Amino acid sequence: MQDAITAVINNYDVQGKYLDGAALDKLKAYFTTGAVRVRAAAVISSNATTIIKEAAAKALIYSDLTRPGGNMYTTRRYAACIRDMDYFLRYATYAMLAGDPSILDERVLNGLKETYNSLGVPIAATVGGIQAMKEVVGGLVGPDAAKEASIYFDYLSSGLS
Amino acid sequence: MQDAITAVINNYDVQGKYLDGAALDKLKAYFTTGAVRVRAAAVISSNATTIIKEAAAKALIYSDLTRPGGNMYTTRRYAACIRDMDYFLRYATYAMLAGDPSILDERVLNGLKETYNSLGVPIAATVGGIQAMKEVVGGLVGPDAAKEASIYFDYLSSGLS
Amino acid sequence: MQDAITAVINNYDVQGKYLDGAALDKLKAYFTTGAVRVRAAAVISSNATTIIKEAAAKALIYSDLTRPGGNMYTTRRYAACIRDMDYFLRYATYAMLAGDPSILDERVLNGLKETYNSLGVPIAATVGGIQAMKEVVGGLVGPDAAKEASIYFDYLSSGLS
Amino acid sequence: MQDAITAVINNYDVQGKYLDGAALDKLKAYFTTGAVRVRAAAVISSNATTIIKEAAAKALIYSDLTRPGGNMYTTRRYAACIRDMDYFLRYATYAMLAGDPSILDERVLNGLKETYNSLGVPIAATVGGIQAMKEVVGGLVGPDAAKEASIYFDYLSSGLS
Amino acid sequence: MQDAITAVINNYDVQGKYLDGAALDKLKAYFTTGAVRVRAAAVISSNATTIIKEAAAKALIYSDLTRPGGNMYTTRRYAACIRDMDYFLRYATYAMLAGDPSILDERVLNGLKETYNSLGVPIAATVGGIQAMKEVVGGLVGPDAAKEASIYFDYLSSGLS
Amino acid sequence: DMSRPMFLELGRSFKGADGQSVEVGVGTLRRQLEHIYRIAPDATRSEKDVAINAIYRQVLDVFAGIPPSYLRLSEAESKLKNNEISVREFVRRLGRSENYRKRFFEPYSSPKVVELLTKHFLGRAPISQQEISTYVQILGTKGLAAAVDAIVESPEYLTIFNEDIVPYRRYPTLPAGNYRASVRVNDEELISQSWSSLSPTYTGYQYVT
Amino acid sequence: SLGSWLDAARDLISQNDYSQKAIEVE
Amino acid sequence: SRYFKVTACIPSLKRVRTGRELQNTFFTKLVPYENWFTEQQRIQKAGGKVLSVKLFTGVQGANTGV
Amino acid sequence: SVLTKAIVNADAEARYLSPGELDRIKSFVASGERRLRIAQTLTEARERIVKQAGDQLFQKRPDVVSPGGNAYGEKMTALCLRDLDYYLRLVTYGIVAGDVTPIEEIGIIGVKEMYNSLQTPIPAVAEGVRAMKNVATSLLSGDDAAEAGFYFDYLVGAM
Amino acid sequence: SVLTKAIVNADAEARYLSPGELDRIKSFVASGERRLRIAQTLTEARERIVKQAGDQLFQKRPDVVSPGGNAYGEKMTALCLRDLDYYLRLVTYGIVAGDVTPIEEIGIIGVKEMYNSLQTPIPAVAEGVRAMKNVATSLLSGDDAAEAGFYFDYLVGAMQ
Amino acid sequence: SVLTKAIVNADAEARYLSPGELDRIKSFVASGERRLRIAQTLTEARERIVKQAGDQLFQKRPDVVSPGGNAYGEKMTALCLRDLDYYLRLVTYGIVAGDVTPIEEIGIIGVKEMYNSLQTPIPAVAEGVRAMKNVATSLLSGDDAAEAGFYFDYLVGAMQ
Ligand SMILES: *[C@H](C)[C@H]1/C(=C/c2[nH]c(/C=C3N=C(/C=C4\NC(=O)C(CC)=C4C)C(C)=C\3CCC(=O)O)c(CCC(=O)O)c2C)NC(=O)[C@@H]1C
Ligand SMILES: *[C@H](C)[C@H]1/C(=C/c2[nH]c(/C=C3N=C(/C=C4\NC(=O)C(CC)=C4C)C(C)=C\3CCC(=O)O)c(CCC(=O)O)c2C)NC(=O)[C@@H]1C
Ligand SMILES: *[C@H](C)[C@H]1/C(=C/c2[nH]c(/C=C3N=C(/C=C4\NC(=O)C(CC)=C4C)C(C)=C\3CCC(=O)O)c(CCC(=O)O)c2C)NC(=O)[C@@H]1C
Ligand SMILES: *[C@H](C)[C@H]1/C(=C/c2[nH]c(/C=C3N=C(/C=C4\NC(=O)C(CC)=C4C)C(C)=C\3CCC(=O)O)c(CCC(=O)O)c2C)NC(=O)[C@@H]1C
Ligand SMILES: *[C@H](C)[C@H]1/C(=C/c2[nH]c(/C=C3N=C(/C=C4\NC(=O)C(CC)=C4C)C(C)=C\3CCC(=O)O)c(CCC(=O)O)c2C)NC(=O)[C@@H]1C
Ligand SMILES: *[C@H](C)[C@H]1/C(=C/c2[nH]c(/C=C3N=C(/C=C4\NC(=O)C(CC)=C4C)C(C)=C\3CCC(=O)O)c(CCC(=O)O)c2C)NC(=O)[C@@H]1C
Ligand SMILES: *[C@H](C)[C@H]1/C(=C/c2[nH]c(/C=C3N=C(/C=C4\NC(=O)C(CC)=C4C)C(C)=C\3CCC(=O)O)c(CCC(=O)O)c2C)NC(=O)[C@@H]1C
Ligand SMILES: *[C@H](C)[C@H]1/C(=C/c2[nH]c(/C=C3N=C(/C=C4\NC(=O)C(CC)=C4C)C(C)=C\3CCC(=O)O)c(CCC(=O)O)c2C)NC(=O)[C@@H]1C
Ligand SMILES: *[C@H](C)[C@H]1/C(=C/c2[nH]c(/C=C3N=C(/C=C4\NC(=O)C(CC)=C4C)C(C)=C\3CCC(=O)O)c(CCC(=O)O)c2C)NC(=O)[C@@H]1C
Ligand SMILES: *[C@H](C)[C@H]1/C(=C/c2[nH]c(/C=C3N=C(/C=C4\NC(=O)C(CC)=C4C)C(C)=C\3CCC(=O)O)c(CCC(=O)O)c2C)NC(=O)[C@@H]1C
């Protein structure tokens, strides 16, 4: 995948340009943000199970989906759904550290819509679950971190839909 | 795969319904047929090689297929064709015991057309061979069994075409 | 492996003898025992987790082995030990149904002693744990079943030692 | 494996010597023999199945080995014995072409005694079967060829015993 | 493997003791040495090919071993010997960083003598080559580093002999 | 025996007892303990999970036959259950995994590492010292992963299992010495080293008091 | 809706109070 | 890392197999980039035909992150 | 079912059904009518089985239905009863199939994960199934009860 | 046996024996007494079954008992009958075991290869087994005969 | 340890240690002295940390210290405290190593399986570790506490 630092280097290498002040400024920007991101990532990892539980309570459970005839009916399907939720959370955290959305596209987003459509997983509900996780995460991380965190969650949601 | 008993169960599970008398009647219907099916299956297994020989004599051999330039020309291709015939017979027998056509779709039918098209195997001739087997099988199994046996052979033929 | 029925058959086949009344009597003996064994096996399978817990409490835990420096110290080693206990229990159940100890010699006992010696797993304690399982099993299965069950547990213990 | 030509080369290479007239004479000797060997090899290959049948009839079958309890009793064991016979014949033919016994040591002879002892295969009977094959082969190949053929068969027999 | 830090930890964990000041002093000792080790490792990696060349010149080449009839005669064997030299150098560097000889025992040293004896590789010459590498390395790394580097080379040599 | 019909007399066995049985040479067990597993897309989850568990038990040596969760790899399992990857590609991923490297590469020496490779993928002991030398040279010059890639790419691998069949224990016999070797590696060489270095067990405390 | 469960569950809670029993090892 | 999605059809021309070989014969699959060149060769030597190749993951002409 | 299992083994070995496999199908189809009767009895008495087992469970584990406890509150209590009903329905499916394939896919694989997220205690769900067994077994004839018992025990084992 | 097969399937799944698998074992043990009786009947009538089946086979295929044929000559004819006796013994073992596992290990694995070396025609062998079934069926009760039939049919299927 | 992990990855790749890997080793050796001090603090205050954490845990969960609960009885309660002490010792080893590798092999792999046999509830155990973190953080300096927090958090995450 690609991170913020490598993305800059990537762009300069195709030009063949040595690193320049404008490029350096982008790198400098990342380095200041970095400390915040690391703190946020640790918060998310520690509270990960809770975040998923809260988000499921908000959107997935006590719903028609969990009731028979719904895609989250049966233990097997329920377990698969919470596993996917965990994936989204973990990858968003990776993206937030990286400062790049590429990893989401490369590992999570590519082919997901088509897979979901064949399975019959409802995209709208999934999106709803991602948005719910974002809100929960926002609280835990705190405001400065939340802005950074939000964009990656939003990127996932837009990809799915 | 799915069998008749499981097919009823699955239909009730998606509804979330406990098993009811109407459902029980369908299950009961299978249970009466079952004894006959087992007898038929044993007949087919013992006479399997003969069934294939007779069916090939009726349709495939003494034809342009066997003659040079035909798909069944060369020992390697002849052997492959009678191997496929054996597959169809074995799977139809499995389906007849199961009382469900699902296994045919899951194993035999899936990808067969595409594979055949790349190989250059002629579908129409194959279908003809399946129909020939059915007639031969019908004789061996006896009339009551034959009706049940016929539907699975027909299911294979329709899938291939 | 060999079971009771096959053991009789094998003995007659090396002689080249057809089955005779004396042989039939041994087979008859097994068939009366069989119903009891099936019931015992179901009891053991349902209570398997409990059996292992009780046996560990009786012999393995609260000991120097669990305390630091001991083989069963560290969570990884504790989990390994209860894994092995479960294997032994499952195979003993298989042997009891079969009515022959052969299976124990083939899969369970092969290379076990030598492996244990290199690992530093203490054989004496393992034997103790097998004997403990036997006692627990004896209670659950009931007396008639227990006699049959005991011989297979004893066979394992003797092999290990 | 190593052949006559390579054997000379290898001996000179360890010395570091360029090829000399004495060496050339050994090579020349092989080249005269060669044509005869090729003819013999073709004879053996064409009659291979017959050779094995005749040799089995001479030594193995109609014996206690085939009768119940014997190691060649049961279809599985009978088939394994004739499979081994075929291997010995094939490798002896390879050795005769090569003009070297080394290949027999590397591919056939290595580990054979130990394997046979664990299996319980009787070595003496096997040797007898090899000797039987040699006699049959001798007839087919003709006298000049037979002398060459015999040494490789004898080499196998001595190794096994 | 186990590093210096983990080796201390292991000793206390088997006792069950929490880490104590005396233990802390050993850890502290390693931490001062650490910076030197890292510098040495980078030197060795950059000069690795040269180190092997010089060591071979000192001991292996221009010798009977390289000449016909020697174990490092033939390109295949020459290349194998320089491959072994490279492995020793790489593992010694790993050990020097780690501050522990364990990795050498676990991968390089285990079964090496026996392998060499079956191959016919001369141990004495190999040891000589290791000692030669040490001297060359000593020069490159500089004196402080050299003392640390030397013990791991010596450990390899003693193991082989 | 005269007066006895000849067809009865020819079947008689003179040796009687003290004669070999059906479980004597190769024996009945090792065959029939071998199941070819193929994953089918249509297959039920319970059918699929029995095959997945078999992969784990051949390649990581999970004797108990049901992987502990930490050993599992979930993303690969989901791609396998989706039929986006083949069983062959799943087996390749397992070998490139970190659990593979810690349990099987790091504790062993390279020649033993190769033995374990052939056993784990391929089902057999190494055929020859020449086979051992090629794989050892791969391990030393390139990864563990490059060696894992080589065996799965190997022609032997592709003939016996192709892309659909999960690897199985197979005791060959075709090359010389391989039947013995493959019995010793599949039946007696239980793993005898600990993967982890930390908290070494003290010899004493054998008896429980 | 689990309506049958909703009325049966409250019926059960009203008939007997669990908040005193305390666990019994048995 | 880059990944390819590949469809291929492979015939068995050296031998006739009784077990069901349909999964081997027509196989859409995801292949790591570093493995594909070997896997293409393998299909070609078998006298299989490679029906389709698409790059599932990764960007075309990327100097880094590859 | 019994059928599915037999066929699957045969297909894997690429063979027709063994005499043994055929015999097991014969036995199973003979038992069919009896199995359907056992299932019908349990279906009819479903509400009673759940409720009486529920009561025993709440007596056995007061804590779950206590303000501290997870199951506390009427909605929560209803859900626990709903769960018991689901498990009872599954058992009946098992009995008619003569095997666990249906049960296993619908209710045991992934079960550890789901309840752990919910925080419902599984070392107690098993007890609820045991409870259900006791009630259900009392509504069955001795031979029928034993048959039904196996399926209940399997569930308890699987958790 | 039924037992062996059940254990092997469980081992592969790495599970304790399923309720369904246990039920199959229960059914087998109940059937056992009947099975033993069927086997005893065939054992007693063995000499007759072999002889009658041989005759039918030779009527069905003159060739095998002809100068070209493998069975030709007294010794050879005896051996062909001996083989039929072996297969009958195996069938009896199969009936008591409730599975063909005993039959299969002794008689059906490598059978093609063995017969091909001997040059005996496999389809004729199958006919002899079919013949044996017809004789056996007549001696057996109708219910018993059906049970016996399956095992006979398996042999015919395995070698044809 | 940091060192172990770096070396192990290189060995698998069959490469000498990367510039980045070398840099990470340099950073760790610099941090080492600080790490040792943090570990020493926790070791000294261990008895207090365990006791305070225990109290919080028992307050949060009455059940564990109740007749139904696993912890019930003096012996059992002692064992629950002993467990907490073990986990604290692990954390200290982790801090000096700079990695959870020591912690993970001794305490997190197989933990679920061990506790499930014992029937101890895993979530309660996690709570106890969380409790221990809160006490430990108060003793440590803010910067030190952050470092220590990560290791504590890992444990809590693993025991779930
Ligand atoms: C003669 C030496 C022996 C003999 C031969 C025989 N063959 C058939 C029928 C067929 N033979 C073939 C064979 C081939 N097809 C190929 O592609 C090749 C390879 C190039 C061969 C050798 C085929 C396909 C048939 C089927 C009929 C057809 O060709 O359409 C018979 C007829 C018997 C029957 O139909 O049942 C016979 C008699 N038979 C002997 O006994 C001789 C020893
Ligand atoms: C016979 C009636 C006709 C015939 C058949 C034919 N088939 C092939 C090659 C293949 N056949 C299959 C089909 C299957 N494999 C499976 O797994 C299943 C489902 C269980 C089926 C039905 C496959 C996959 C192959 C390819 C490899 C293989 O041998 O399995 C050939 C050979 C073609 C070639 O050149 O390879 C032939 C001749 N063709 C006819 O003409 C008959 C009408
Ligand atoms: C429990 C009563 C005792 C105990 C067990 C224990 N075992 C191991 C490690 C191994 N256990 C085995 C055993 C088997 N492997 C097999 O293939 C078979 C037979 C088919 C058995 C029964 C094996 C091979 C291992 C090694 C690798 C593995 O775990 O899979 C340990 C752990 C040893 C270690 O250092 O990791 C333990 C603790 N030990 C006790 O102290 C109890 C008395
Ligand atoms: C001449 C064409 C080029 C050249 C030669 C050169 N070689 C060496 C040193 C060695 N050469 C060998 C080679 C072999 N050993 C074998 O077993 C075989 C195959 C049979 C060969 C070809 C060896 C082993 C050595 C090492 C020294 C030794 O003999 O023990 C040198 C000296 C190397 C040095 O740098 O000192 C040279 C110069 N070099 C050229 O420039 C020519 C293009
Ligand atoms: C060079 C100083 C001497 C020399 C070396 C030599 N070694 C072999 C063969 C082997 N060497 C090893 C050793 C290792 N393999 C490893 O991976 C490691 C640990 C990382 C070591 C140290 C092994 C296992 C082999 C056998 C298989 C293989 O080749 O990889 C040879 C080849 C001998 C042969 O005939 O095969 C040689 C020449 N021999 C000398 O002459 C030098 C004194
Ligand atoms: C026949 C003349 C005698 C006979 C043979 C016999 N062999 C086996 C079993 C095995 N045979 C081998 C032997 C080889 N494998 C090799 O690679 C080589 C060298 C090329 C040989 C010769 C092996 C390894 C086996 C075991 C594995 C297998 O079956 O493939 C048996 C059967 C044992 C069994 O239980 O099947 C027999 C009968 N025994 C006789 O009675 C003859 C005297
Ligand atoms: C949960 C919010 C929703 C939901 C999820 C759900 N997913 C599946 C099945 C699959 N999920 C995926 C997705 C991924 N696999 C991956 O590796 C990644 C990227 C890291 C993702 C996101 C896949 C591939 C599958 C299919 C195969 C598999 O099981 O692995 C299901 C199960 C469907 C089934 O019956 O198998 C479900 C339920 N559905 C909902 O109800 C929620 C809205
Ligand atoms: C009763 C034994 C325990 C208990 C009950 C309880 N259950 C839930 C919630 C759920 N139950 C399910 C489970 C299933 N759905 C399925 O598809 C299946 C398989 C057929 C089952 C078993 C579901 C999905 C839920 C989650 C919410 C929902 O139903 O939509 C709860 C609520 C969870 C919560 O934390 O609020 C409760 C309380 N509680 C106990 O303590 C008893 C031991
Ligand atoms: C009779 C139906 C057919 C027939 C038979 C026939 N067989 C032989 C020779 C042998 N038959 C066997 C067979 C077996 N050994 C086993 O282990 C089993 C399973 C238990 C069987 C069935 C064996 C071993 C032999 C070899 C000789 C010996 O027993 O030592 C012959 C004579 C040999 C020959 O080829 O001349 C014959 C005639 N032949 C037919 O064509 C009939 C249809
Ligand atoms: C306290 C937070 C919770 C609790 C603890 C508890 N533990 C036991 C018994 C044991 N705990 C262990 C655990 C370990 N052994 C190890 O090697 C490690 C890692 C270093 C750990 C943590 C062991 C081995 C035992 C078994 C007894 C023994 O020590 O030999 C109990 C007692 C249960 C019993 O019946 O023995 C308890 C109560 N229980 C709770 O509910 C608290 C939340």
# chains A, B, ... in the order shown; residues from 1 in each chain; ligands from 1
$ residues_around --residues "residue 147 (chain B)" --least-positions-apart "3" --cutoff "12 Å" --atoms "only C-alpha atoms" --output "mmCIF file with N, CA and C atoms, in the first residue's frame"
data_model
loop_
_atom_site.group_PDB
_atom_site.id
_atom_site.type_symbol
_atom_site.label_atom_id
_atom_site.label_comp_id
_atom_site.auth_asym_id
_atom_site.auth_seq_id
_atom_site.Cartn_x
_atom_site.Cartn_y
_atom_site.Cartn_z
ATOM 1 N N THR B 33 -41.310 -43.126 -0.334
ATOM 2 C CA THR B 33 -40.609 -43.315 -1.596
ATOM 3 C C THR B 33 -39.243 -43.949 -1.330
ATOM 4 N N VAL B 36 -37.975 -47.660 -2.055
ATOM 5 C CA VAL B 36 -37.919 -47.948 -3.479
ATOM 6 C C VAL B 36 -36.627 -47.391 -4.068
ATOM 7 N N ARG B 37 -36.290 -46.157 -3.698
ATOM 8 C CA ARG B 37 -35.113 -45.487 -4.221
ATOM 9 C C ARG B 37 -33.861 -46.286 -3.883
ATOM 10 N N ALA B 40 -33.512 -49.171 -6.183
ATOM 11 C CA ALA B 40 -33.140 -48.723 -7.517
ATOM 12 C C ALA B 40 -31.638 -48.414 -7.598
ATOM 13 N N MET B 96 -31.212 -39.160 -7.005
ATOM 14 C CA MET B 96 -32.415 -39.943 -6.839
ATOM 15 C C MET B 96 -32.551 -40.358 -5.374
ATOM 16 N N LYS B 134 -30.846 -42.880 -19.711
ATOM 17 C CA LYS B 134 -32.075 -42.847 -18.952
ATOM 18 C C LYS B 134 -32.972 -44.015 -19.357
ATOM 19 N N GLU B 135 -33.127 -44.197 -20.671
ATOM 20 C CA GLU B 135 -33.945 -45.275 -21.196
ATOM 21 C C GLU B 135 -33.432 -46.626 -20.687
ATOM 22 N N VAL B 137 -31.604 -47.227 -18.053
ATOM 23 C CA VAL B 137 -31.770 -47.265 -16.611
ATOM 24 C C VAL B 137 -33.218 -47.612 -16.305
ATOM 25 N N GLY B 138 -34.140 -46.971 -17.030
ATOM 26 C CA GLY B 138 -35.562 -47.177 -16.821
ATOM 27 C C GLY B 138 -35.925 -48.659 -16.832
ATOM 28 N N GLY B 139 -35.408 -49.379 -17.825
ATOM 29 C CA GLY B 139 -35.631 -50.811 -17.934
ATOM 30 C C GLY B 139 -35.145 -51.552 -16.690
ATOM 31 N N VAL B 141 -34.362 -50.522 -13.587
ATOM 32 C CA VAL B 141 -34.875 -50.136 -12.283
ATOM 33 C C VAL B 141 -36.305 -50.648 -12.121
ATOM 34 N N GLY B 142 -37.064 -50.691 -13.222
ATOM 35 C CA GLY B 142 -38.486 -50.999 -13.174
ATOM 36 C C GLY B 142 -39.322 -49.717 -13.137
ATOM 37 N N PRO B 143 -40.633 -49.778 -13.493
ATOM 38 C CA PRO B 143 -41.436 -48.570 -13.759
ATOM 39 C C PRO B 143 -41.584 -47.540 -12.635
ATOM 40 N N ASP B 144 -41.900 -48.007 -11.421
ATOM 41 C CA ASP B 144 -42.091 -47.098 -10.293
ATOM 42 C C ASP B 144 -40.814 -46.287 -10.063
ATOM 43 N N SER B 150 -36.080 -40.723 -13.926
ATOM 44 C CA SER B 150 -36.133 -39.958 -15.159
ATOM 45 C C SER B 150 -35.937 -38.463 -14.901
ATOM 46 N N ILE B 151 -36.498 -37.940 -13.806
ATOM 47 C CA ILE B 151 -36.512 -36.496 -13.635
ATOM 48 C C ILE B 151 -35.090 -35.976 -13.466
ATOM 49 N N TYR B 152 -34.224 -36.757 -12.813
ATOM 50 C CA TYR B 152 -32.869 -36.310 -12.553
ATOM 51 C C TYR B 152 -32.069 -36.347 -13.850
ATOM 52 N N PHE B 153 -32.265 -37.383 -14.669
ATOM 53 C CA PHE B 153 -31.624 -37.430 -15.971
ATOM 54 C C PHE B 153 -32.056 -36.235 -16.816
ATOM 55 N N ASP B 154 -33.350 -35.907 -16.764
ATOM 56 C CA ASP B 154 -33.884 -34.803 -17.540
ATOM 57 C C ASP B 154 -33.298 -33.478 -17.055
#
$ closest_atom_pairs --of "chain F" --to "chain C" --cutoff "10 Å" --atoms "only C-alpha atoms" --output "tab-separated table"
residue	atom	partner	partner_atom	distance
F:11	CA	C:16	CA	7.4
F:12	CA	C:16	CA	6.5
F:13	CA	C:16	CA	6.3
F:14	CA	C:15	CA	8.6
F:15	CA	C:15	CA	7.8
F:16	CA	C:15	CA	4.6
F:17	CA	C:15	CA	6.0
F:18	CA	C:14	CA	8.4
F:19	CA	C:14	CA	6.1
F:20	CA	C:14	CA	6.6
F:21	CA	C:14	CA	5.8
F:22	CA	C:10	CA	7.0
F:23	CA	C:1	CA	8.0
F:27	CA	C:1	CA	8.6
F:28	CA	C:1	CA	7.1
F:29	CA	C:1	CA	5.7
F:30	CA	C:1	CA	9.1
F:63	CA	C:87	CA	8.9
F:64	CA	C:87	CA	6.6
F:65	CA	C:87	CA	9.8
F:184	CA	C:111	CA	9.7
F:187	CA	C:110	CA	6.8
F:188	CA	C:111	CA	4.8
F:189	CA	C:111	CA	7.0
F:190	CA	C:115	CA	6.2
F:191	CA	C:115	CA	7.0
F:192	CA	C:115	CA	5.2
F:193	CA	C:119	CA	6.1
F:194	CA	C:119	CA	7.1
F:196	CA	C:76	CA	9.3
F:198	CA	C:74	CA	9.4
F:199	CA	C:69	CA	7.1
F:200	CA	C:69	CA	6.9
F:201	CA	C:69	CA	5.0
F:202	CA	C:69	CA	5.1
F:203	CA	C:120	CA	6.6
F:204	CA	C:70	CA	8.0
F:205	CA	C:64	CA	6.2
F:206	CA	C:122	CA	5.1
F:207	CA	C:125	CA	5.7
F:208	CA	C:63	CA	6.2
F:209	CA	C:63	CA	6.9
$ residues_near_ligand --ligand "ligand 9" --cutoff "6 Å" --atoms "only C-alpha atoms and all ligand atoms" --output "PyMOL selection string"
(chain D and resi 61-63+66+73-75) or (chain J and resi 64+70-71+76+79-81+83-84+86+106-107+118-121+124-125+128)
$ interface_residues --of "chain F" --to "chain I" --cutoff "10 Å" --atoms "only C-alpha atoms" --output "ChimeraX atom specification"
/F:32,35-38,44-47,49
$ interface_residues --of "chain H" --to "chain A" --cutoff "7 Å" --atoms "only C-alpha atoms" --output "list in words"
residues 1, 57, 58, 63, 64 and 65 of chain H
$ closest_atom_pairs --of "chain H" --to "chain F" --cutoff "12 Å" --atoms "only C-alpha atoms" --output "CSV"
residue,atom,partner,partner_atom,distance
H:3,CA,F:85,CA,11.4
H:4,CA,F:85,CA,11.1
H:5,CA,F:84,CA,8.8
H:6,CA,F:84,CA,10.4
H:7,CA,F:84,CA,11.2
H:10,CA,F:162,CA,11.2
H:12,CA,F:159,CA,10.8
H:14,CA,F:159,CA,11.3
H:15,CA,F:159,CA,11.0
H:17,CA,F:159,CA,11.4
H:19,CA,F:36,CA,9.7
H:20,CA,F:38,CA,9.3
H:21,CA,F:164,CA,8.1
H:22,CA,F:164,CA,9.1
H:23,CA,F:164,CA,6.2
H:24,CA,F:163,CA,5.9
H:25,CA,F:163,CA,9.4
H:26,CA,F:163,CA,10.5
H:27,CA,F:86,CA,8.1
H:28,CA,F:84,CA,7.5
H:29,CA,F:85,CA,5.1
H:30,CA,F:85,CA,5.6
H:31,CA,F:89,CA,7.7
H:32,CA,F:89,CA,9.3
H:34,CA,F:149,CA,10.1
H:35,CA,F:149,CA,8.2
H:36,CA,F:153,CA,10.9
H:37,CA,F:153,CA,11.4
H:38,CA,F:153,CA,7.9
H:39,CA,F:153,CA,8.0
H:40,CA,F:153,CA,11.5
H:41,CA,F:153,CA,11.0
H:42,CA,F:153,CA,8.7
H:43,CA,F:158,CA,11.1
H:45,CA,F:155,CA,11.4
H:46,CA,F:158,CA,10.9
H:56,CA,F:84,CA,11.3
$ residues_around --residues "residue 8 (chain K)" --least-positions-apart "2" --cutoff "10 Å" --atoms "only C-alpha atoms" --output "list in words"
residues 1, 94 and 103 of chain E; 101, 102, 105 and 106 of chain F; 3, 4, 5, 6, 10, 11, 12, 13, 14 and 17 of chain K
$ residues_around --residues "residue 91 (chain K)" --least-positions-apart "3" --cutoff "7 Å" --atoms "only C-alpha atoms" --output "PyMOL selection string"
chain K and resi 87-88+94-95+103+151-152
$ residues_around --residues "residue 43 (chain K)" --least-positions-apart "3" --cutoff "12 Å" --atoms "only C-alpha atoms" --output "ChimeraX atom specification"
/E:17-21,24 /K:36-40,46-50,85-86,88-93,95,136,139-140
